[PDB]
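Engineer:
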Amino acid sequence: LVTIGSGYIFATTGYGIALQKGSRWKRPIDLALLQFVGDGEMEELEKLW
Amino acid sequence: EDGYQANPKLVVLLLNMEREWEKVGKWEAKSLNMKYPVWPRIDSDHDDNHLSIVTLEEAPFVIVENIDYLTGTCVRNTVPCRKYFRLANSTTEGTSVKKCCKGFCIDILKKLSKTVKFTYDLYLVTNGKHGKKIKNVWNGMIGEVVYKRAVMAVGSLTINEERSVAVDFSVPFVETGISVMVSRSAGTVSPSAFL
Amino acid sequence: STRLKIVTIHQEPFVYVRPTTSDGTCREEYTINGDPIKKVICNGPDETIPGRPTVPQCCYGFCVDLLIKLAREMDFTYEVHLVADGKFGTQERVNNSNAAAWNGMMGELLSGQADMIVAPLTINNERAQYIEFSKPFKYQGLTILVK
Amino acid sequence: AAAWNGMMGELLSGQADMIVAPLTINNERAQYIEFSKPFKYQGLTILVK
Amino acid sequence: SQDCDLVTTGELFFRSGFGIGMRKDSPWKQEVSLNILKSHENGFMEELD
Amino acid sequence: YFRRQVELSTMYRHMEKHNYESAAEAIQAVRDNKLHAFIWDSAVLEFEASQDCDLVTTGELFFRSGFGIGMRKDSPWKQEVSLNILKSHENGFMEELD
Amino acid sequence: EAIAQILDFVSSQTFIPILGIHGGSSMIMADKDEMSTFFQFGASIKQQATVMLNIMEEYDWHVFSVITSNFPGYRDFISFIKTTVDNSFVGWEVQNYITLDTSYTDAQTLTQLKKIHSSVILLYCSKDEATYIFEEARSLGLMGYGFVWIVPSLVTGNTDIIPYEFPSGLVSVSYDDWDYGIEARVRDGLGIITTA
Amino acid sequence: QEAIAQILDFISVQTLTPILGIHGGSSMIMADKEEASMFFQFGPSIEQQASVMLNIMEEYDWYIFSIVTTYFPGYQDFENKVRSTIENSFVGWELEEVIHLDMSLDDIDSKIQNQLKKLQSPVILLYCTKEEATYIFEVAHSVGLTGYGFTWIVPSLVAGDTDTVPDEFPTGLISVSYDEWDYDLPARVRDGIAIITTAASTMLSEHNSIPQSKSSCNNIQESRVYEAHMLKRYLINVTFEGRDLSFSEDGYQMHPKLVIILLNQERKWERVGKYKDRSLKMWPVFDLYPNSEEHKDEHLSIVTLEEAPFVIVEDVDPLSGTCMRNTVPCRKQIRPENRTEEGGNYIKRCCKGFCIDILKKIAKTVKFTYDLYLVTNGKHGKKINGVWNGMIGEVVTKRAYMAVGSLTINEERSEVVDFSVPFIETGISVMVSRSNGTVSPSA
Ligand SMILES: *[C@@H]1O[C@H](CO)[C@@H](O[C@@H]2O[C@H](CO)[C@@H](O)[C@H](O)[C@H]2NC(C)=O)[C@H](O)[C@H]1NC(C)=O
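Chains as they are written, first to last, in PDB author numbering: chain P, 735 to 783; chain B, 344 to 538; chain X, 395 to 541; chain Y, 493 to 541; chain W, 739 to 787; chain L, 690 to 787; chain F, 99 to 294; chain V, 100 to 542.
1) Going by DSSP, what residue range makes up the alpha helix (DSSP H) through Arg761 of chain L?
2) If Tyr226 of chain V sits next to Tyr174 of chain V, beta carbons under 8 Å apart, how far is it from one beta carbon to the other, in whole angstroms?
3) Hey, quick one: how far does the beta strand (DSSP E) through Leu536 of chain Y stretch, first residue to last?
4) List, in chain order, every chain L residue whose beta-carbon is nearer than 8 Å to that of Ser513 of chain V.
5) Candidates L:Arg702, L:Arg693, L:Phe691: which alpha carbon is nearest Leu413 of chain B's?
6) Nearest by alpha-carbon distance to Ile223 of chain V: which of V:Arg377, V:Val503, V:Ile198, V:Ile166 is it?
7) In three-state DSSP terms, what is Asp108 of chain V?
8) In the stretch 423-468 of chain X, which residue ranges form an unbroken beta strand (DSSP E) of at least 3 residues, counting only runs that do not cross its ends?
9) My guess is that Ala712 of chain L and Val733 of chain L are in contact by the Cβ rule of under 8 Å, so how many angstroms apart are they, rounded?
10) Let me see if you follow: with CB-CB separation under 8 Å, is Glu524 of chain V close to chain Y or not?
11) Are the CB atoms of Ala149 of chain V and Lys180 of chain V within a distance shorter than 8 Å?
12) Where does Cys223 of chain F fall in DSSP's three states?
13) Just the Cα atoms here: how many angstroms apart are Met500 of chain X and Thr484 of chain X?
14) Exposed or buried, what is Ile403 of chain X when buried is set at 16 or more other beta-carbons lying within 10 Å of its beta-carbon?
15) Rounded to whole angstroms, how far is the Cβ of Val477 of chain X from the Cβ of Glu502 of chain X, which I believe are closer than 8 Å?
16) Looking at the strands, I want to know which residues DSSP matches up with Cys424 of chain B.
17) For a test of the three-state rule: what should DSSP assign to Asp730 of chain L, helix, strand or coil?
18) So if I threshold CB-CB distances at 9 Å, which residues from the stretch 747-761 of chain L count as touching chain Y?
19) At a cut-off of 7 Å, is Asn307 of chain V close to ligand 1 when judged by its beta-carbon and the heavy atoms of the ligand?
20) Could you tell me the distance, in whole angstroms, from the CA atom of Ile521 of chain B to the CA atom of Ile396 of chain B?
21) Spatial neighbours of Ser345 of chain V within its chain, please: C-beta separation below 6 Å, excluding the five flanking residues on both sides.
22) Using alpha carbons as the reference points, say which of B:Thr416, B:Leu538, B:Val480, B:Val407 lies closest to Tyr466 of chain B.
23) For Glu526 of chain X, count the other beta carbons within 10 Å of its own beta carbon; 16 or more makes it buried, fewer makes it exposed. Which is it?
24) Considering only the alpha carbon of each residue, which of F:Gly242, F:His160, F:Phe178, F:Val253 lies closest to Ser216 of chain F?
25) Could you compute how far the alpha carbon of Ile523 of chain V sits from the alpha carbon of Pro389 of chain V?
26) Hey, quick one: how far does the beta strand (DSSP E) through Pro428 of chain V stretch, first residue to last?
27) With a cut-off of 8 Å on the beta carbons, I'd call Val355 of chain B and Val218 of chain F a contact; round off their distance for me.
28) In chain order, which continuous runs of the beta strand (DSSP E) of length 3 or greater are located wholly inside the stretch 482-513 of chain V?
29) Could you work out which residues of chain X lie near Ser183 of chain V, taking near to mean beta carbons separated by less than 7 Å?
30) Alpha carbon to alpha carbon, how far is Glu785 of chain L from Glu157 of chain V?
31) Are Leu515 of chain X and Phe756 of chain W closer than 8 Å when you measure CB to CB?
32) In the DSSP assignment, the alpha helix (DSSP H) including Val149 of chain F goes from what residue to what residue?
33) Mapping the DSSP letters down to three states, classify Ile290 of chain F as helix, strand or coil.
34) Expressed to the nearest angstrom, what Euclidean distance is found between the alpha-carbon atoms of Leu208 of chain F and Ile165 of chain F?
35) Quick one: what's got a C-beta closer than 8 Å to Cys454 of chain V's C-beta in the same chain, skipping five residues either side?
36) Report the option in V:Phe467, V:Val474, V:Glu511 whose CA atom is closest to the CA atom of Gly485 of chain V.
What follows is the structure, given as structure tokens:
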């Protein structure tokens with residue numbers, strides 16, 4: 735089984751997490767997340783899973 | 344060896360909020376029983392501690408398998424998981440306990456236990472998987488986010504504007520799009536144009 | 395105010411920057427598709443030649459077409475200029491007194507001179523702590539260019 | 493709770509004063525007993541085809 | 739792709755995504771994203787790229 | 690390693706449930722094709738790899754270790770032994786035997 | 099609490115079978131002597147802890163502290179935790195592991211206790227000691243969230259009376275009277291005697 | 100007494116006549132001088148002292164610290180000065196807590212005790228009045244904060260007079276103070292007067308105008324007293340004997356000699372070290388910084404040699420002072436090549452790599468502190484004639500306890516010194532390139 739051509743999906747999106755509209759644990763949550771992007775582990779998780 | 348009943352007849356008692364030993368649970372034979380599956384919250388909610396959250400299970404983000412019932416325990420590098428055994432018609436929510444969860448989201452959640460320092464409760468959705476909107480009322484994890492059953496919903500869920508009016512996400516961790524997997528082949532044209 | 399201030403930066407193919415014509419307007423050009431290439435007059439900073447910091451120039455490209463769409467869609471007017479000191483934006487810790495993330499294009503925004511940044515501006519934790527980023531137009535990763 | 497037994501416990505036990513075998517050298521064992529300098533440096537691989 | 743005398747190294751690292759920028763109290767923030775999402779779903783974004 | 694590596698707990702059990710009393714049976718399972726894969730150290734295994742060879746070793750050796758004699762503590766000879774085997778390396782004896 | 103031991107002492111000399119159906123006699127006691135004694139109250143404290151562990155298994159991991167503070171099994175309780183941990187079937191671990199109370203400044207134990215930072219406090223001290231411990235915990239900050247208390251019969255025994263200062267919400271658990279009648283226990287035992 | 104200087108600041112404000120002081124209370128650290136006020140204090144600026152505290156901590160490489168302060172003057176800035184000084188540096192040192200407290204009503208002890216009890220940090224900077232220091236120390240003695248492994252560091256004010264020291268202060272207390280030679284009327288006045296005459300010298304040069312003014316507070320201040328304002332700069336720029344009295348904006352001397360002092364056993368104040376210019380002389384006067392037992396945290400001076408990849412010597416940034424991040428310092432006396440004796444200033448090149456990393460990892464488990472330097476003579480241990488050479492010599496001379504590096508193992512060295520189990524596979528080998536491939540027609 736293979737992807738289409740190169741594999742560009744043609745629909746562009748990334749995963750997201752819900753929060754109560756009123757809730758903003760996310761603005762605070764965001765900061766932790768980026769460094770996580772920057773951190774090598776995302777790629778470890780990539781390699782992991 | 345204490346001359347005591349071999350199978351202890353035991354009951355679990357919690358020191359209650361107002362000087363009371365509310366019956367936390369009872370112990371019968373080998374099995375351990377707690378009357379309330381959910382963990383009680385002391386006083387007022389503090390620090391969004393143990394916020395309820397259900398993460399959708401899929402190959403990409405989370406994965407569920409049974410706990411090692413031979414030991415009665417969940418795998419060390421996984422997370423012990425719960426769900427509500429379906430009983431929609433029934434008054435009871437139902438209990439779908441003892442299932443372990445895997446995946447990088449699960450691992451991120453571990454990162455988050457430490458990072459945002461917040462305890463969490465995780466369960467599985469029953470009606471509709473990823474939110475489905477039909478007529479007046481929406482369905483899925485989004486429903487439990489709207490109903491106040493769930494604070495945050497986690498999974499392979501895609502982002503859309505409608506979800507955006509209702510709720511929000513600031514992460515965008517992985518690149519995903521609609522796609523097709525085909526078994527296909529390519530072939531020579533004009534025998535290298537006869538050289 | 396309907397009128398808006400936009401700061402951008404030279405970075406092909408998202409933002410091309412060319413001199414206006416003698417009469418001060420942008421040369422009419424056509425894309426491969428055949429639709430007229432939309433251009434906007436963007437204040438330009440210092441040129442390759444000595445001095446000449448103040449200039450009127452022509453801007454167009456991916457990000458410019460996006461701006462035009464956003465402006466038409468949310469119904470707002472704007473004025474575009476190229477960022478002072480030619481940079482995207484990073485905080486500098488200790489040049490004399492402790493300093494902010496006022497470096498390049500990003501600081502300009504902090505000052506309030508620019509009300510919106512429309513360019514290939516990477517969304518990251520450092521910047522998100524101080525400004526608001528919209529949903530990312532594109533997903534990209536760093537690579538290496540060689541001969 | 494028990495001694496490692498087998499070849500090693502017999503050794504602790506004194507059944508065999510000295511153990512001559514192709515045995516890998518590790519810290520968990522090492523606290524309990526003295527070990528000579530290691531003769532070979534073999535590494536785990538997966539033997540299948 | 740435009741200059742054939744130049745080439746990229748194969749590895750892609752530090753995966754990251756670009757975005758529009760506004761002050762946190764901008765009244766156009768809610769509108770700016772909804773528009774971006776609509777353009778992605780509509781295909782406008784694909785036309786430009 | 691699987692024990693201490695909580696990271697490998699999954700694998701620890703996955704592995705445990707299929708374990709053998711000895712190499713003869715463990716090699717045989719792969720040979721018999723009862724088990725698709727077998728995990729063990731190099732000194733005992735490679736010689737067998739040469740011996741039959743239908744089977745193959747793969748990847749990079751992990752968790753390196755050097756073989757040594759095991760003796761009860763305080764053995765007044767271990768040190769001498771160490772010197773002796775050291776000499777065995779020095780004079781190429783160890784090497785010659787291998 | 100003391101009463102059981104006393105009657106037990108009589109048992110060692112007399113050799114007359116004795117048992118008890120309610121209250122303190124039913125309450126646990128230190129390890130039985132080689133000569134058989136009276137013994138209905140006693141239960142494997144280890145077992146008792148495994149009961150508690152089941153609760154810990156459901157909601158408790160990396161317990162804050164297990165301390166051999168007072169009465170029987172300070173040394174004995176210490177081993178089992180190790181025995182429980184020794185199986186290594188799951189991923190168990192400990193953070194706090196000390197003893198002591200009354201003889202000197204509580205502080206040597208307290209400063210050590212300050213060092214531990216964990217989820218569930220394990221208690222093996224009498225209600226009297228516990229009374230003081232309650233006083234200690236409030237100053238200590240153990241009473242605050244993230245420091246659950248696991249309490250045995252050592253304290254739990256006074257069902258009728260709970261020291262107000264007892265920072266509630268921590269699990270206190272032992273046998274309950276309504277479930278089984280006190281009078282009910284005696285006939286059965288008599289029957290057992292008959293069958294013996 | 101500290102308060103006298105403050106009163107004098109008020110007086111400066113009142114009469115606009117320059118005043119300075121060479122000893123004692125006038126000398127003690129004070130609140131940043133109001134700009135209008137004109138005054139001279141014989142002590143090192145609060146910021147400067149904080150800097151010295153940081154240098155001292157850096158010298159012993161105590162990265163993790165907390166600050167206990169009181170509402171006493173300059174407390175807020177102290178935090179600010181530290182925030183800049185600590186912040187600028189690349190290193191990841193940690194500030195644990197900052198505590199601001201005062202005794203109010205009947206609960207200051209409760210509140211202070213509850214507030215102080217949380218702290219766990221090894222290195223404490225304290226700032227307060229001397230007496231307050233007495234109370235805080237009694238409280239610390241109750242709290243157990245004074246005891247071994249925790250250490251306290253103090254600015255000038257608490258030490259006060261050298262002669263008087265309530266033993267309420269814990270021993271091993273580390274604090275900064277002015278040089279004793281400086282603390283004599285003889286020179287502080289000689290110096291002060293010289294400063295006055297140089298200020299007057301500049302009265303001759305700048306404007307050819309007499310500085311003399313009516314001194315009475317009761318009488319209306321002279322209008323031409325105003326001019327003295329400009330006169331202050333000359334005042335600030337005062338030097339004599341080729342020595343700087345130069346002040347700083349706070350009014351403390353701009354370049355004042357200073358000594359690192361510790362409380363020696365019992366009642367003695369012994370200067371552990373001395374500070375000259377930019378450089379810090381962290382002198383280990385007290386070799387054993389550990390109370391009760393010499394054996395605890397046993398010293399393990401270590402010698403190594405540079406080889407790639409394992410042990411790599413790198414030159415530290417000149418601008419970015421001291422080793423950065425991972426590199427660990429290694430010093431070998433800078434032996435002059437020309438000098439036969441070759442007595443040397445220890446080198447400042449940072450060793451880093453796999454060998455260093457292994458030591459760093461092992462050291463944490465071991466929890467033993469250590470000093471690392473580079474070998475000079477013989478490189479890898481060698482037996483030449485009847486005598487050994489290299490790091491092994493320093494192991495034999497007991498100039499090194501343990502030697503680390505790419506060092507191989509052999510029977511002779513195992514005979515003379517016990518060796519760790521080898522962590523790597525190595526040996527003799529060859530490095531060359533193959534010329535060609537053989538063809539056999541066997542297809
Ligand atoms: C303190 O005063 C001395 C003496 O005037 C200053 O040294 C002179 O600085 C001037 C700057 O214009 C130079 O031209 C002279 O060459 C220096 N030495 C002389 C005058 O021979 C010094 O600069 C002053 N310190 C400060 C605060 O700058």
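Ideal Cβ positions, reconstructed from N, Cα and C, are used throughout, including at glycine.
Structural biologist: Straight from the coordinates:
1) It is not in any alpha helix (DSSP H) - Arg761 of chain L carries neither H nor E in the DSSP assignment.
2) 6 Å
3) In this chain, the beta strand (DSSP E) harbouring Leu536 of chain Y covers 533-539.
4) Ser771, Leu772, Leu775
5) L:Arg702
6) V:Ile166
7) helix
8) 434-438, 449-454
9) At roughly 6 Å, the Cβ-Cβ gap stays under 8 Å, so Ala712 of chain L and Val733 of chain L are in contact.
10) yes
11) yes
12) coil
13) 7 Å
14) buried
15) 6 Å
16) B:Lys442
17) strand
18) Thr747, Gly748, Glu749, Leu750, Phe751, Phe752, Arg753, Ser754, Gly755, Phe756, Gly757, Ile758, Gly759, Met760, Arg761
19) no
20) Rounded to the nearest angstrom, the two C-alpha atoms are 27 Å apart.
21) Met353, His354
22) B:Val407
23) buried
24) F:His160
25) The straight-line gap separating the alpha-carbon atoms of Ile523 of chain V and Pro389 of chain V is approximately 36 Å.
26) Per DSSP, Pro428 of chain V belongs to the beta strand (DSSP E) from 427-429.
27) Between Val355 of chain B and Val218 of chain F, the beta carbon gap of about 14 Å keeps them out of contact (Cβ cut-off 8 Å).
28) 486-488
29) Here the neighbours are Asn492.
30) 55 Å
31) Inclusion of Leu515 of chain X and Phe756 of chain W in the CB contact set at 8 Å is warranted, their separation being smaller than that value.
32) 143-157
33) DSSP places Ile290 of chain F in helix when its eight states are reduced to three.
34) 12 Å
35) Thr403, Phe409, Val410, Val503, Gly504, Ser505
36) V:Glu511
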